[PDB]
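Nothing fancy with the numbering, it's 1 onward along the sequence. The analysis underlying the following values was restricted to heavy atoms, covering all of them including side chains, and did not include hydrogens, waters or symmetry mates.
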Amino acid sequence: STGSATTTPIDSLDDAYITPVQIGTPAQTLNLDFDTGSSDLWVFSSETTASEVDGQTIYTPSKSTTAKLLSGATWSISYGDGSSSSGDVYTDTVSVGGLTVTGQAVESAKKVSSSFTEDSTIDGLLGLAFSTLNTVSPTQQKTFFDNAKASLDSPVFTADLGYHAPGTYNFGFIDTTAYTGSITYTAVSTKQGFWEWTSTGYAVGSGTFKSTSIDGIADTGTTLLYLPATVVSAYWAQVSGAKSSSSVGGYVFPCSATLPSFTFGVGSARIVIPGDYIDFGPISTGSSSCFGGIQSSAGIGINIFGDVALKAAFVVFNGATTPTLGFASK
Ligand SMILES: CN(C)c1cccc2cccc(N(C)C)c12
Ligand SMILES: [Cl-]
Ligand SMILES: [Cl-]
């Protein structure tokens, strides 16, 4: 089998991407944030504290003839950005772009943190990291990809995120028309539950490529590109007027600037992020200071190849017996 669904930026800045997902019988369509950096499929629901729902579409398990409460099961998650959610668990039928898993764990939120409430466009998350990170207790549950993998034509999914435009998540096949050149595959460590790989280096604009190993995760659920302080300093040093701002929380630059591209290495291959992809607009409404899309990971403990990086590439999440990651230009 295969599945294919269109993913769309939630706003003008590509802060996140949402993909329609069908849950239950009859189908309830919710727009979920596909997150290769986590492993829980959780949704706003008829059980979510009413004060914490503000425009999201909710899953109502009582209206699904295939929903079954998973007895005694609870979940609770906290994300790197400080947001949080928790609740109980059902199993139900879940379909993405024509691909169906029966008995998928659907984590129904009883509580969400303020940032989730404040984002009316995201009805929940669909985690696509490794199931070892799933938070359901006392019996850990599998991700949608893990449950679907054996049925797929090929045990892979692909992320093809658009810049200010729609894109595609495919399951079970590689669309050879969706990229230029070849796909370069690179090793993955699953030891921390992430799609963790080692970039071979970077360049800033037309500058000399620096060969250096950068360990990081491919995370579609993180907006920005978080890299070591030395690398980020070298990038922003090329932007007239750019500075690290303690009050704003990262590197900012004059909105009148044209940004240089950023290249990262994948083996011997190179992925070029256009400079415009690094502009995240005014720091506050009407400001002429703009927020940078490349920021330091120093306060994280891991580098994060988030949407800024991933949207510049066609990305293969290869769930073969030994997982690997593939990147192609596009
Ligand atoms: C541009 N923008 C909205 C931002 C401005 C100031 C600080 C930010 C910190 C993290 C993430 C942001 N996003 C891009 C959503 C920030
Ligand atoms: Cl199917
Ligand atoms: Cl190299």
Do the rings of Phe171 and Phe145 sit parallel, tilted or perpendicular, given the 30° and 60° boundaries? tilted
Gap separating the CG atom of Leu310 from the CH2 atom of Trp195, nearest 0.5 angstrom: 12.5 Å
Closest heavy-atom contact between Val272 and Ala312? O-CB, 3.7 Å
Would you please test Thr168 and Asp160 for side chain to side chain donor-acceptor pair (under 3.5 Å) and show each step? CA-CA 5 Å; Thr168 308; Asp160 183 7; 4.7 Å; no
Could you please spell out the steps behind the side-chain contact (heavy atoms from CB on, under 4.5 Å) verdict for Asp146 and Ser131? CA-CA 7 Å; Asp146 207 339; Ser131 298; 2.7 Å; yes
Measure from the side-chain N and O atoms of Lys149 to the backbone N and O of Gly319, and report whether any donor-acceptor pair falls under 3.5 Å. yes
Verify whether one side chain among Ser38 and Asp40 offers a donor that lies under 3.5 Å from an acceptor in the other. no
Do the side chain of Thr49 and the main chain of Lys110 share a donor and acceptor less than 3.5 angstrom apart? yes
When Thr220, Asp219, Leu225 are each screened for side chain to side chain contact (heavy atoms under 4.5 Å, CB included) with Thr222, the one that passes is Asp219
Got a donor-acceptor contact below 3.5 angstrom from the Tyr17 side chain to the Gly162 backbone? yes
List the atom of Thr158, the atom of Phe173, and the distance in Å for their closest heavy-atom pair. CG2-O, 4.0 Å
I would like to know whether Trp42 and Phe116 meet ring-ring contact (aromatic ring centres under 6.0 Å, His included); could you show each step before the answer? CA-CA 12 Å; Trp42 76 261; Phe116 286 118; 4.9 Å; yes
Let me confirm one number: the CG-CG distance from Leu13 to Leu224, rounded to the nearest 0.5 Å. 10.0 Å
Does a donor on one side chain sit under 3.5 Å from an acceptor on the other, for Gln104 and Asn147? yes
Kindly compute the distance separating CD1 (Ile273) from CZ (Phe262), expressed to the nearest 0.5 Å. 6.0 Å
Using a 4.5 Å cut-off on heavy atoms from C-beta on, say whether the side chain of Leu41 contacts that of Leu32. yes
Using a distance-only test with no angle check, is there a side-chain donor-acceptor pair under 3.5 angstrom linking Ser39 and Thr143? no
Report yes or no: do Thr223 and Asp15 form a side-chain donor-acceptor pair below 3.5 Å? no
Would you check, one step at a time, whether the test side chain to side chain donor-acceptor pair (under 3.5 Å) holds for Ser84 with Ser78? CA-CA 4 Å; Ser84 74; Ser78 310; 5.5 Å; no
As an exercise, state the distance from CD1 of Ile122 to CG of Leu30, rounded to the nearest 0.5 Å. 12.0 Å
With respect to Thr25, which candidate in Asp92, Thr66, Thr93 satisfies the side chain to side chain donor-acceptor pair (under 3.5 Å) definition? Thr66
After noting the C-alpha distance and the side-chain angles of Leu152 and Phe157, does the key distance pass the side-chain contact (heavy atoms from CB on, under 4.5 Å) rule? CA-CA 10 Å; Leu152 298 173; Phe157 71 88; over 6 Å; no
Point-to-point distance, once rounded to the nearest 0.5 Å, from CG of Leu126 to OG1 of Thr19: 8.5 Å
Step by step, work out the side-chain contact (heavy atoms from CB on, under 4.5 Å) result for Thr132 and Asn134. CA-CA 6 Å; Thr132 48; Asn134 178 266; over 6 Å; no
Is the ring pair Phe34/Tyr169 parallel, tilted or perpendicular, if the boundaries are 30 and 60 degrees? tilted
Determine whether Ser113 and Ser115 satisfy the following criterion, side chain to side chain donor-acceptor pair (under 3.5 Å), listing intermediate values before the conclusion. CA-CA 6 Å; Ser113 62; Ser115 292; 5.4 Å; no
Sidechain-backbone polar pair: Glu107 side chain, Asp88 backbone, donor-acceptor under 3.5 Å: no
Audit row: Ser62, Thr60, side chain to side chain donor-acceptor pair (under 3.5 Å) steps and yes/no: CA-CA 6 Å; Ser62 69; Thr60 299; 5.7 Å; no
Is the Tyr277 ring parallel, tilted or perpendicular to the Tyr163 ring (thresholds 30°, 60°)? parallel
Contact summary for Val112 and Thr117, nearest pair of heavy atoms: CG2-OG1, 3.5 Å
If every non-hydrogen atom of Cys290 is compared with every non-hydrogen atom of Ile283, which pair is closest and at what distance? C-CG2, 3.9 Å
Give a yes/no verdict on a cation-pi contact between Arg270 and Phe264, requiring under 6.0 Å between NZ or CZ and the six-membered ring centre and an angle within 45° of the axis. no
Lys63 side chain vs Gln28 backbone, donor-acceptor pair below 3.5 Å: no
Between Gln295 (side chain only) and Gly292 (backbone N and O only), is there a donor and an acceptor less than 3.5 Å apart? yes
Verify the ring-centre separation between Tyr179 and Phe314: is it less than 6.0 angstrom? yes
Heavy-atom closest pair (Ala129 atom, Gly37 atom, distance to 0.1 Å) is CB-C, 4.0 Å
Answer yes if the side chains of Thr121 and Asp119 hold a donor-acceptor pair under 3.5 Å, and no otherwise. yes
Using modelled atom types only, decide if a donor and an acceptor are shared between the side chain of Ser296 and the backbone of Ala298 within a distance under 3.5 Å. yes
To the nearest 0.5 Å, what is the distance between CZ (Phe280) and CD1 (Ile278)? 9.0 Å
Can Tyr90 and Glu47 be counted as having a side-chain donor-acceptor contact under 3.5 angstrom? yes
Are the side chain of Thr198 and the backbone of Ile214 linked by a donor-acceptor contact shorter than 3.5 Å? no
For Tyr226 and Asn303, run side-chain contact (heavy atoms from CB on, under 4.5 Å): C-alpha distance rounded to whole Å, both residues' side-chain angles, the deciding distance at 0.1 Å, then the answer. CA-CA 5 Å; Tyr226 295 89; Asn303 300 299; 5.8 Å; no
When every non-hydrogen atom of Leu99 is compared with those of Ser151, the smallest separation belongs to CD1-OG, 4.3 Å
Using the ring of each side chain (for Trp, its six-membered ring), is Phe305 parallel, tilted or perpendicular to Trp197, with breaks at 30° and 60°? tilted
Any donor-acceptor pair under 3.5 Å from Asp123 side chain to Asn31 backbone: yes
Sidechain-backbone polar pair: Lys330 side chain, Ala313 backbone, donor-acceptor under 3.5 Å: yes
